[PDB]
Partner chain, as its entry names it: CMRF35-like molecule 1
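Here's a solo chain for you in structure tokens, the form deposited without the partner chain.
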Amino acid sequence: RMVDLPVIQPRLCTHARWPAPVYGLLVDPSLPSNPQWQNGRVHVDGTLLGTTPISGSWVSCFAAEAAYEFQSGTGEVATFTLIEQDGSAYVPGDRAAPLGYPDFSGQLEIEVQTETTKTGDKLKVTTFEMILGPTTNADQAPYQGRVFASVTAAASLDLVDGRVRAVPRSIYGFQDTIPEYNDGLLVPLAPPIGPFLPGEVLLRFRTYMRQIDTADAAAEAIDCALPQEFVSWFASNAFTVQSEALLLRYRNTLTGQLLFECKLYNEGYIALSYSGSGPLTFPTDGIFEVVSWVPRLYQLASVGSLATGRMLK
């Protein structure tokens, strides 16, 4: 009955927007304050939102029926008629795209393999580049169930159409804004994350995406509101909620050190009160403990940076 959280340290968790471990925990007041993330969204009562999948293996991946053609001057273009990643049919509904579909922009490198159905399936694999944002003359509609990718080739390849799974390999020109899911038209979206009280900022669970530069790769940060184990926890528990938010403490249980207090709003995002202007990061080896229900206007103890140096100027 009283909501509790799993006693799982952030560095031991699965990321909810890019399929990798959580590596970081931080607030940053210079990032967008009210992100519109479609994955990693659940309410404390267990209501899933946007495209949020249960399984972390589904994050930022897709499945499709793939039909391949050569297109003079581009190389091979695949048309992907999306299905849900469990193989069931995708029908445009009350969310923006198939479960776990990428909810950010840029150019995604995907690895596309024949679906695995039973032992001895012959498997093919092709890397493609797919543009996620609104581009630009057409034509990308994940909400309607259809997307396109290509790989550069001087000539054509052997490629026989079929059911495939696509996993993300790297990102190029990443922008953390939602893609054009519906080709101009309104589409069903989880709402921006918020509101926060004055001085309150979003707690971020962070991991890194391999970001390429043709060559040049480098890590690029991506954040999410809850790691995937907390997503799955709240979806499975379907707790009864009693007031606007939960007061939580983040604590190192080996030392007993209380690191900070934070507010988990019922709508599935955590706030801290911090007035600094730069990124502040926290150790990833504590756990969150539920303290009590609190009103929306409950005022948290502030945190600040542990570096105290200042210049007279």
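Positions refer to the first chain, counted from 1.
This next part talks about the form solved in complex with the partner chain, which is not shown.
- Residue contact check for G184: none of its heavy atoms lie within 4.5 Å of the partner chain in the entry with it bound.
- Although the partner is absent from this view, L202 stays clear of the partner chain in the entry with it bound, with no non-hydrogen atom inside 4.5 angstroms.
- Contact annotation: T81 falls outside 4.5 Å of the partner chain in the entry with it bound, judged by heavy atom distances.
- The partner chain in the entry with it bound comes within 4.5 Å of a heavy atom belonging to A138.
- Residues are counted as partner-facing when one of their heavy atoms sits within 4.5 Å of the partner chain in the entry with it bound; in 70-97 these are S72, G73, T74, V77, in sequence order.
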